[PDB]
Amino acid sequence: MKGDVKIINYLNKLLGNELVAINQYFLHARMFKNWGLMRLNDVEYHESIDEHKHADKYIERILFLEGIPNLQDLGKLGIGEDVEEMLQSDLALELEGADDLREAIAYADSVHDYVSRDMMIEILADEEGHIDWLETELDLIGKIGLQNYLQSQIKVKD
Amino acid sequence: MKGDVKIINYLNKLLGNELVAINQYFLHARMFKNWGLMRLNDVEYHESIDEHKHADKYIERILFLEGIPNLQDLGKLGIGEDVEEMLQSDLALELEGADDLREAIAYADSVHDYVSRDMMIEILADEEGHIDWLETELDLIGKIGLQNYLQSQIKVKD
Amino acid sequence: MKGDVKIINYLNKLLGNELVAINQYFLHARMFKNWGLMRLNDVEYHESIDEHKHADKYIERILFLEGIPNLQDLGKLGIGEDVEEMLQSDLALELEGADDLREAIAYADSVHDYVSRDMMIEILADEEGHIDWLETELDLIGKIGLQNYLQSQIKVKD
Amino acid sequence: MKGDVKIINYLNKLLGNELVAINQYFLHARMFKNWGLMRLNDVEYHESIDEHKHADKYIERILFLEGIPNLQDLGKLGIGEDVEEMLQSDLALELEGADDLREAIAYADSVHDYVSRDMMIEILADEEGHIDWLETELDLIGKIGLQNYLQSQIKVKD
Amino acid sequence: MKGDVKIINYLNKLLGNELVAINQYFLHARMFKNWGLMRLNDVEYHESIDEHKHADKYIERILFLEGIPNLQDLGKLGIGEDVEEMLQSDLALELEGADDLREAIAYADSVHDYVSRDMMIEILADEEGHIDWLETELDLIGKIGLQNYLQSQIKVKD
Amino acid sequence: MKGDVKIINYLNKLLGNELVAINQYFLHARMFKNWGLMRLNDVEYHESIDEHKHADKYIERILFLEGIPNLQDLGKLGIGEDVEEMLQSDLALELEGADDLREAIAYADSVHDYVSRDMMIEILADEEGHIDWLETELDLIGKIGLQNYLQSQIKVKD
Amino acid sequence: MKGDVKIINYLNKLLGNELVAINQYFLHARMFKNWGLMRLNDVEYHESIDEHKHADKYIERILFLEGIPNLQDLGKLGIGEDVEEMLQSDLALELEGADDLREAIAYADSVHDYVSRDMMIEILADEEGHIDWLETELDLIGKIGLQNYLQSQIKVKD
Numbered sequence: 001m002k003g004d005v006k007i008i009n010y011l012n013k014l015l016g017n018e019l020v021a022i023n024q025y026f027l028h029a030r031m032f033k034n035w036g037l038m039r040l041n042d043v044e045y046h047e048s049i050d051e052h053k054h055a056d057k058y059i060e061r062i063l064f065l066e067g068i069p070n071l072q073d074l075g076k077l078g079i080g081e082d083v084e085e086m087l088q089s090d091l092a093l094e095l096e097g098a099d100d101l102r103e104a105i106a107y108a109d110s111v112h113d114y115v116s117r118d119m120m121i122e123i124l125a126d127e128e129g130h131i132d133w134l135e136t137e138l139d140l141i142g143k144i145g146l147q148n149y150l151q152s153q154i155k156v157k158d
Numbered sequence: 001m002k003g004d005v006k007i008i009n010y011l012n013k014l015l016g017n018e019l020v021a022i023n024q025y026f027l028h029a030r031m032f033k034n035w036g037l038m039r040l041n042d043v044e045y046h047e048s049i050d051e052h053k054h055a056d057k058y059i060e061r062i063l064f065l066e067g068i069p070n071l072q073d074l075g076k077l078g079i080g081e082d083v084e085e086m087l088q089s090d091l092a093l094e095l096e097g098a099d100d101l102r103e104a105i106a107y108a109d110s111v112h113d114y115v116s117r118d119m120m121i122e123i124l125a126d127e128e129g130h131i132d133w134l135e136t137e138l139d140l141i142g143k144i145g146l147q148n149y150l151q152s153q154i155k156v157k158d
Numbered sequence: 001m002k003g004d005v006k007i008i009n010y011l012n013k014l015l016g017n018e019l020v021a022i023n024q025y026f027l028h029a030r031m032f033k034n035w036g037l038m039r040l041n042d043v044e045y046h047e048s049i050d051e052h053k054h055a056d057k058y059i060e061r062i063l064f065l066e067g068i069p070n071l072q073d074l075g076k077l078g079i080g081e082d083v084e085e086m087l088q089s090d091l092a093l094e095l096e097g098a099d100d101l102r103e104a105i106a107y108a109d110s111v112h113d114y115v116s117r118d119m120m121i122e123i124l125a126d127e128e129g130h131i132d133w134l135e136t137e138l139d140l141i142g143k144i145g146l147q148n149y150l151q152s153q154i155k156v157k158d
Numbered sequence: 001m002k003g004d005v006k007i008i009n010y011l012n013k014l015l016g017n018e019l020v021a022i023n024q025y026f027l028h029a030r031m032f033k034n035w036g037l038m039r040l041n042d043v044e045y046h047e048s049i050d051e052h053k054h055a056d057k058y059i060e061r062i063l064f065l066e067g068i069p070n071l072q073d074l075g076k077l078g079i080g081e082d083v084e085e086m087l088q089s090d091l092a093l094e095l096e097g098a099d100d101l102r103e104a105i106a107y108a109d110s111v112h113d114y115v116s117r118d119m120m121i122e123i124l125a126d127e128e129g130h131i132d133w134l135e136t137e138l139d140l141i142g143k144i145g146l147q148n149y150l151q152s153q154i155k156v157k158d
Numbered sequence: 001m002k003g004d005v006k007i008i009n010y011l012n013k014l015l016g017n018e019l020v021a022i023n024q025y026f027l028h029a030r031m032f033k034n035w036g037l038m039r040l041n042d043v044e045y046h047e048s049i050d051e052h053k054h055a056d057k058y059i060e061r062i063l064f065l066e067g068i069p070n071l072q073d074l075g076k077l078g079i080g081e082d083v084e085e086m087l088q089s090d091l092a093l094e095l096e097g098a099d100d101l102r103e104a105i106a107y108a109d110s111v112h113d114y115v116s117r118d119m120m121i122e123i124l125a126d127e128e129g130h131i132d133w134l135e136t137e138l139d140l141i142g143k144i145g146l147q148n149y150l151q152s153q154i155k156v157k158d
Numbered sequence: 001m002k003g004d005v006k007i008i009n010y011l012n013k014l015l016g017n018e019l020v021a022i023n024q025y026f027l028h029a030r031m032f033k034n035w036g037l038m039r040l041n042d043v044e045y046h047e048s049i050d051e052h053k054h055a056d057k058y059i060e061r062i063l064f065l066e067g068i069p070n071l072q073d074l075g076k077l078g079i080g081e082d083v084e085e086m087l088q089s090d091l092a093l094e095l096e097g098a099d100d101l102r103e104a105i106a107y108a109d110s111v112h113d114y115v116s117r118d119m120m121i122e123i124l125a126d127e128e129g130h131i132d133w134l135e136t137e138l139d140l141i142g143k144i145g146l147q148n149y150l151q152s153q154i155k156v157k158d
Numbered sequence: 001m002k003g004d005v006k007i008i009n010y011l012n013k014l015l016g017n018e019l020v021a022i023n024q025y026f027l028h029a030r031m032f033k034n035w036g037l038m039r040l041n042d043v044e045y046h047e048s049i050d051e052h053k054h055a056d057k058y059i060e061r062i063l064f065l066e067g068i069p070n071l072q073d074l075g076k077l078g079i080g081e082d083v084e085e086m087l088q089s090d091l092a093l094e095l096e097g098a099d100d101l102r103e104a105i106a107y108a109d110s111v112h113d114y115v116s117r118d119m120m121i122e123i124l125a126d127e128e129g130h131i132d133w134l135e136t137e138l139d140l141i142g143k144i145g146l147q148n149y150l151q152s153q154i155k156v157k158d
């Protein structure tokens, strides 16, 4: 089904956001694992998987609309050297991406691509869930102190 | 544990090959899926997952050796426009990657990093499996013709 | 709960669309069955049941909003005589209905009937799923040939 | 228990036919597998195992008759280069073996070795089973054409 | 995948060794069975199957490397004439086979065929396991005497 | 099977390394247990059992190669008086043993004892896992402080 | 809880006895295994594990009493070359250890360390069980002959 040209541009821009986040969450997780912080490895690894599902949704939607998914252009990763800096970098990316989503969701409504809009609103709800988790972990670091914070990321999560 | 510097560079080279293969296999699968070729979607997607496991092994090895994994630089994808071109692109990529593995395996032996070598030999055996499958599929297109070959990619695989 | 008058007219229009698609998919299914193409019988019969579920939603929403559902006026069916015309007739009908849906969804937003809008977006997502299946089948006929295509519709689908 | 001298010669000849068939069927199976024809791999491999069961009966019978089984002299294999050539080679080998069995069965009756005869008649019934299968596969190639025939050897039989 | 020409020659030599050992172990097992030594029949028959697995590995690797497996030339069998002679012949054949493996494995590393090397090293480990069993049985004959040794081969093994 | 003289000397040296580790990890474990650090008792004891498994492989390999295992000469233990010192002593011993393994793996290749080499490469990957665990614990002491670190060694690990 | 100084010396002496018996029984077990005498491997390996449990008791009791367990000094092993010498070496070692135990038990009673005494009496009962097994086996060699004795150690024990 032939889709709106600018829609496919937005969808590719959003896909680009997800591709960065996949790699960044993935490296961050294995850095936590290498440091022995297995609880952070598990949550960050799962958020890597979650952005991969978002990428999948964007890719399949673009192909349906008869556009060309762009997996070639990788934006800038922000890795960071300790726990606080990694979580902060993930949080910066997530907000940047939420800002892009809000713009695409508004445009999708103006051209009546309501199914693309609905897909994006659901993805936006997922990313605001990641944002909530990231802000909460960062606040905990301040409240309980870095040594206590790291201590309780050693063993794994239910 | 401090690793050999040139070992870390090879590991990052081989990591970069897998990062390209993850994305190429991922897009190829969903193109197959969009065309209704569910058997090809299943196999190509599973090889994307399998290249992700290879990348995970490089990443974790690089960190253990106290190097820095490079997930930022993404090499050139070769997407291709129809089934035969896509399969041939994947094959070209797999042959380039086996070439790098053989050089890396030879070097790792010279500096006595026998665990990095054992890891890479296992990965090379996997990749020769992928090569075997691609060569076999490409030969079958010729043996039974494109229409028959595509027909039997419609329904899924056991 | 009294609803917007123009909303009830849009709902009845959309209901009219589903009523023709129920009948068209039903007859097409049994034509496929009569020809021994049981995989097409199964899929088309199932889409007939789906359009019946959509019609149910319209009927119940119209009665809730204290309007009168119109099941009397039946639009123009396009039956066709062979597989490729039957699928293309079904594709034309779905694109026309997606057109009407996009107009009703935009109007529902302007008079603040957000529940009717939400129900129509979910129906529009279903119809875009039907459109994808129809386009994909029609393309496979061109990719594998009509004789191969008909052959792989003989036996039934998982 | 002392066997008739010429009976042991006949058993060793028949044993030699089975040894050629084991190797020929074995290589043919793995050529089919290499080509992706998993159905042909499965059938030809089982027939290789069937001929091993026949060799086992000859070897055990020869030893019981206090002869010396000959597993040293291997006759001429006829491998063949494509599917039709390979099946025609197996058919020729099977018809040659049936010819030897009939002569041995007639002779066993004349010296009252009725147990060796009964064993050979069962084996001959097996080999006429293999001949039936090969003749049917060769005829199918003619009826449905080589491309369709190879296509339906891709996925596995039940 | 085009393999190294001298690799394929080594693979066919090693395959030749396995084909001799398949037959020798097979016949030896059934001679033990004929003598009522059921425990030796069981082990020797199992070792015949194991050498068949190794032959299968060589055949499939050669075809992958686009060579021609040689199942035609069968080297000399050394049957032997009582229990200890048969075991010594198996041992002599295994030591000859392990000698050839050592040379192929070294050559494979020089031409960077690391997967063929890995396969042969795993086969060599199996062969050193057979050698250990053979050496152990030979030593037992000398410690407990042939009458006691044969007695404990009558009933079967867990 | 007559083994290379030096190979047996390398294997007895590596066996010597394992025998000191068995005793050091054994004593360290029960010292942790006496201090109520049950998580560290659990892990260290397990590593003592793991080195005993390594010792077992060296002993069986040396006897198979017709050497004589030396279990008499016990090298210098480095017990240590507090947790950080004990872990650093284990780390030092593991790095010394890995150094010896690398020399022996190089030598074993030069004389074509590929099965001994394969065994020692597997052991070496196990010891690099032990090294990884030791380095991570020692870094965690730095990052969360000794008091917190000891605290989360009190209760046992999943 | 601070213990009697001479009690800790007795405990370390007794611990030294168990440390040599662990190694001697271990090597003897695998020598039996290398020779194919699996029933003797099983029994001797199990006694090695038993002496390891005794050593554990000594180590934990010494640490409880605030002494320093000595795992560094390893007494003189007597390995031997054949079954009857290996068993007789094991018997001499056990009788020497029973001697030391009897002395330590009498001393523990005089300084009122009744818990250390009770633990040593239970260990002494175990060692008298080992002595009984060794004397009984050695006597069977004389009653049934060495060739019969070795024969009935080939297969494993219930």
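Protein chains in written order, with PDB author numbering: chain G, 1 to 158; chain A, 1 to 158; chain H, 1 to 158; chain F, 1 to 158; chain C, 1 to 158; chain E, 1 to 158; chain H', 1 to 158. A prime marks a further copy of an entry chain.
C-beta atoms are modelled at their ideal positions from N, C-alpha and C, and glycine is treated no differently.
For the segment 108-134 of chain E, the residues whose beta carbon sits under 7 Å from a beta carbon of chain A are, in order, 121, 124, 125, 128, 131 and 132. For residue 97(A), the enclosing alpha helix (DSSP H) stretches over residues 83-110. Only buried fits residue 20(H'), as 16 or more other CB atoms lie within 10 angstroms of its CB. Residue contact with chain F for residue 38(C): absent (no Cβ-Cβ distance below 8 Å to any residue of chain F).
Take the alpha-carbon of residue 49(F) and the one of residue 122(G): they are about 57 Å apart. For residue 87(H'), there are no neighbours in chain E by C-beta distance under 8 Å, as the nearest C-beta there is about 18 Å away. With respect to the 8 Å criterion, residue 41(C) and residue 55(C) are not classified as neighbours on the basis of their beta carbons. Only residues of its own chain outside the window of five on either side were considered, and among them 84, 87, 88 and 91 have a CB closer than 8 Å to the CB of residue 138(H'), listed in chain order. Only residues of its own chain outside the window of five on either side were considered, and among them 117, 120, 121 and 124 have a CB closer than 8 Å to the CB of residue 105(H), listed in chain order. Taking all protein chains in view, the Cβ of residue 17(C) is crowded by 16 or more other Cβ atoms within 10 Å, so the residue is classified as buried.
Only 71, 72, 73, 74, 76, 77 and 79 from the segment 70-97 of chain H' bring a Cβ to less than 9 Å from some Cβ of chain E.
Residue 75(A) and residue 31(H) have their C-alpha atoms some 52 Å from each other.
At the C-beta level, residue 148(C) and residue 153(H') stay beyond 8 Å of one another. When C-beta atoms of the segment 124-136 of chain E are compared with those of the segment 108-116 of chain E, fewer than three pairs fall below 8 Å, so the two segments do not count as touching. A Cβ of chain C is located within less than 8 Å of the beta carbon of residue 154(H'). Counting only Cβ-Cβ distances below 7 Å, residue 23(G) has contacts in chain A at 71, in chain order. In the three-state reduction of the DSSP assignment, residue 14(H') falls in the helix class.
Judged by DSSP in its simplified three-state form, residue 127(A) adopts helix. Taking the C-beta atoms as reference points, residue 61(E) is found no nearer than 8 Å to residue 112(A).
The three-state secondary structure of residue 157(E), taken from DSSP, is coil.
The C-beta of residue 33(A) has 16 or more other C-beta atoms within 10 Å across all chains shown, which makes the residue buried. Distances from the CA of residue 98(F) to each of 46(F), 13(F), 72(F) and 73(F) were compared; the closest alpha carbon is that of 13(F). Under the 8 Å criterion on CB atoms, residue 9(E) is classed as non-interfacial with respect to chain H'. Annotation: the continuous alpha helix (DSSP H) that includes residue 150(H) extends over 146-151.
In chain order, 112 make up the part of chain A whose C-beta sits under 8 Å from the C-beta of residue 106(E). In the DSSP annotation of this structure, the continuous segment of the alpha helix (DSSP H) that includes residue 63(C) starts and ends at 38-64.
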